[PDB]
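First comes the structure, then the notes that go with it.
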Amino acid sequence: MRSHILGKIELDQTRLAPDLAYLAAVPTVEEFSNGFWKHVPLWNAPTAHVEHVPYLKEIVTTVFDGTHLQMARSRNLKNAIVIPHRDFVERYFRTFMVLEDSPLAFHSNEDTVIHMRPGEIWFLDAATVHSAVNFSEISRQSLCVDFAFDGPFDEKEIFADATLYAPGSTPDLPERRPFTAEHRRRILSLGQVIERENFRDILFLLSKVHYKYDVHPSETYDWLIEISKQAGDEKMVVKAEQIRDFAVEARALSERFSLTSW
Amino acid sequence: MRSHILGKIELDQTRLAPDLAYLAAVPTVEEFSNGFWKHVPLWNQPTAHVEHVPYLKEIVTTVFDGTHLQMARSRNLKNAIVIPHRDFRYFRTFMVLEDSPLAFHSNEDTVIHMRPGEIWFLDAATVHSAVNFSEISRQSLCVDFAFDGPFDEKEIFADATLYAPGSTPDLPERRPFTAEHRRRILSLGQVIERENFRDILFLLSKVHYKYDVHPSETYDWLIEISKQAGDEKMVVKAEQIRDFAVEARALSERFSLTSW
């Protein structure tokens, strides 16, 4: 897990309530997606949206330095799961800060599961296998502020005041149950019910095991492949192979790829 | 009936702050318009917007009785002016929810500056206008009432204790409107064109907020400005506009500030 905390800030819930009330209502528009997700661009390398979120405005304005600031946006996720994956193989800086307390919302990254707490500013490593989830409808509005630097930089200048930067902050890293061979055998029983119209469903459900069980998120794809073989459907074995290449190996997918076209 | 304050509630900032953010982002759907105006219907019976950020739901639920109530909406106005006009005994209350210093209203001979929380009564039947000389937000709540037979303005509230008709209104001072100033306004007869006719109208419509003259004169100056310009189609159009605005007289479906 390359990801880690970068520091924290006491959020003023009362100056934030309205900002969140706006983010939730501004209309926006947007193959592995499911549940509810919504992003709001604030800083495209500012937007009409900014002056409408005074507080959030202040926050990035003051907590960060533009001497490398890419973009910034708000991101919410409800009853949704982002399939585990990696963006590529072979340096950028994506930072993340939840804004609301969403108990059943988590992130994962390579071999560990995280539960971000408000105001905490995380560094999320996109070069390794990661995922995000919200098992409930409790809102999970978040601020993603991206950075960039060609000349390797301290990681310090993210903040425009080293008094906020503090790695040592202890993260909430839930303790997961042991993933056993007996569990693995139960998962594979899905080979008996999977069909083409519920294939995407099984992908999403397999994507959740790693949050509660101690097993690499990438195994998701091995299970899916094996479940496809057990079912004996070739177009499934192949779709499942393609998804794994996309997710685990960052291989791109055809424009013809579809979870619903067979 | 002349405009006046009916009472004033105190506004819980924190409790309405999230709501204003909501009204400001809610999309809504899509003349003689001019600048930014946005209405978010709140009672036509409730509207999906209510529950979606409540403080106002309370305000409107507590304060008014709904047997005569018949529409409620938020109304914002920025860098805009609505031309003076009469709508048509249909009441109508108005509460500005924010402090927008360059925001005003006029009605017949009065120019007022509503203050946050005051609940003003405004008559439909008269010549009124609204304006915001700046981009500072001016979210308000407009609640109208139904009466097709005499009542007491008290009888609109629920909690009768909320009615306080004696609050002193903030009535901006206006400069006297002089005969030389009038002469100067007719000079626009030198520059008006069919392509800027509308602009001149918006310009004339604003004078009555700063100077002491009835807003309907806007239309007299426009007709005269039109006669000075020697443009017969323009004189007829200005007259049509005047009849539509201060006589309520229905206009035509073809009528445009582009069709001469």
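Naming: A, B, ... by sequence-line order, numbering from 1 per chain. The analysis underlying the following values was restricted to heavy atoms, covering all of them including side chains, and did not include hydrogens, waters or symmetry mates.
Interatomic distance, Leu203(A) CG to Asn34(A) CG, rounded to the nearest 0.5 Å: 9.0 Å. Atom CZ of residue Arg115(B) and atom CG of residue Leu11(B) lie 13.5 Å apart, to the nearest 0.5 angstrom. One distance of note links CG of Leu124(A) with SG of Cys144(A); it measures 8.0 Å at 0.5 Å rounding. Put simply, NE2 on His210(A) and OG1 on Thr112(A) are 10.0 Å apart, with the number rounded to the nearest 0.5 Å. Separation of atoms CZ (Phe147(A)) and OG1 (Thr95(A)) is listed at 4.5 Å; rounding is to 0.5 Å. Summarising the geometry, atom CZ belonging to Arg200(A) is positioned 6.5 Å from atom OG belonging to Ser33(A); distances are rounded to the nearest 0.5 Å.
Judged purely by atom type and a 3.5 angstrom limit, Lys239(A) uses its side chain to pair as donor or acceptor with the backbone of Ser258(A). Using a distance-only test at 3.5 Å, with no hydrogens or angles considered, a donor-acceptor pair links the side chain of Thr47(A) to the main chain of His49(A). Side-chain N or O atoms of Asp245(A) include none that pairs as donor or acceptor with a backbone N or O of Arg251(A) at under 3.5 Å. With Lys38(B) contributing its side chain and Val26(B) its backbone, the two residues share a donor-acceptor pair below 3.5 Å. Judged by distance alone, the side chain of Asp159(B) and the main-chain N or O of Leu162(B) form a donor-acceptor pair under 3.5 Å. Of the possible polar contacts, one joining the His113(B) side chain to the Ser100(B) backbone as a donor-acceptor pair under 3.5 Å is found. Looking only at distances, no side-chain donor or acceptor of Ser207(A) sits under 3.5 Å from a matching main-chain atom of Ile83(A). Looking at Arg138(B), its side chain never comes within 3.5 Å of a backbone N or O of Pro101(B) through a donor-acceptor pair. Side chain of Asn109(A) to main chain of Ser131(A): no donor-acceptor pair is present (N/O by atom type, distance under 3.5 Å, no hydrogens or angles). Side-chain atoms of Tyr55(A) come within 3.5 Å of backbone N or O of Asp12(A) as a donor-acceptor pair.
The existence of a salt bridge linking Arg244(A) and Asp222(A) is confirmed by a sub-4.0 Å separation between a basic side-chain nitrogen and an acidic carboxylate oxygen.
Ring-plane geometry between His4(B) and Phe121(B) is classed as tilted, the angle between the planes lying from 30 to 60 degrees on a 0 to 90 degree scale. Ring planes of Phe159(A) and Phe64(A): tilted class, angle from 30 to 60°. In this structure, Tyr211(A) and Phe106(A) have tilted ring planes: the angle between them lies in the 30° to 60° band.
The shortest non-hydrogen separation linking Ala21(B) to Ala21(A) is CB-CB, 4.2 Å. Contact detail for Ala48(A) and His52(A): the closest heavy-atom pair is O-CD2, 3.2 Å. The two residues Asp111(A) and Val215(A) come nearest to each other via the heavy atoms OD1-C, 4.3 Å. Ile9(A) and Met97(A) make their closest contact through CD1-SD, 3.8 Å (heavy atoms, listed as atom of the first residue, atom of the second, distance). Heavy-atom minimum distance, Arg15(A) versus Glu58(A): NH2-OE1, 2.7 Å. Scanning both residues, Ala80(A) and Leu77(A), for their nearest heavy atoms gives CB-CD1, 3.5 Å.
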**OP:** Evaluate the criterion side chain to side chain contact (heavy atoms under 4.5 Å, CB included) for residue pair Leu56(A) and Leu16(A); output intermediate values, then yes/no.
**Re:** CA-CA 7 Å; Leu56(A) 293 176; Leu16(A) 178 66; 3.7 Å; yes
Original post:
Checking side chain to side chain contact (heavy atoms under 4.5 Å, CB included) for the pair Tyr221(A)/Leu206(A): CA distance, chi angles, key distance, verdict?
Top reply: CA-CA 8 Å; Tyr221(A) 305 108; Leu206(A) 293 172; over 6 Å; no
Subject >> Criterion side chain to side chain contact (heavy atoms under 4.5 Å, CB included) on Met116(A) and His107(A), from CA distance to verdict >> reply: CA-CA 8 Å; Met116(A) 296 178 184; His107(A) 283 84; 3.7 Å; yes
**OP:** Go through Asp87(B) and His85(B) one step at a time and tell me if the side chain to side chain contact (heavy atoms under 4.5 Å, CB included) criterion holds.
**Re:** CA-CA 7 Å; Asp87(B) 278 27; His85(B) 61 289; 3.3 Å; yes
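Both the sub-6.0 Å distance and the 45° axial angle are satisfied by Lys78(B) relative to the ring of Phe36(B).
Side-chain contact between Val98(A) and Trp122(A): absent, with no pair of heavy atoms (C-beta onward) separated by less than 4.5 Å. Within the 4.5 Å cutoff, the side chain of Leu23(B) has heavy atoms near those of the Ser74(B) side chain. Annotation: side chain of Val53(A) is not in contact with side chain of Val40(A) (no heavy-atom distance under 4.5 Å).
The environment of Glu241(A) atom CD is dense: over 12 non-hydrogen atoms of other residues, nucleotides or ligands sit within 6.0 angstrom.
If you check the side chains of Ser139(A) and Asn76(A), you find a donor sitting under 3.5 Å from an acceptor. Side-chain atoms of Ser218(A) and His216(A) include a donor-acceptor pair closer than 3.5 Å. For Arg177(A) and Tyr213(A), the side-chain atoms include at least one donor-acceptor pair closer than 3.5 Å. For the residue pair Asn134(A)/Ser136(A), the side-chain donor-acceptor check at 3.5 Å is satisfied. Checking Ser3(A) against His130(A) by side-chain atom types alone, no donor-acceptor pair falls below 3.5 Å.
In this view, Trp223(A) and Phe179(A) satisfy the ring pair (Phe, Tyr, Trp, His ring centres under 6.0 Å) rule, not counting sequence neighbours.
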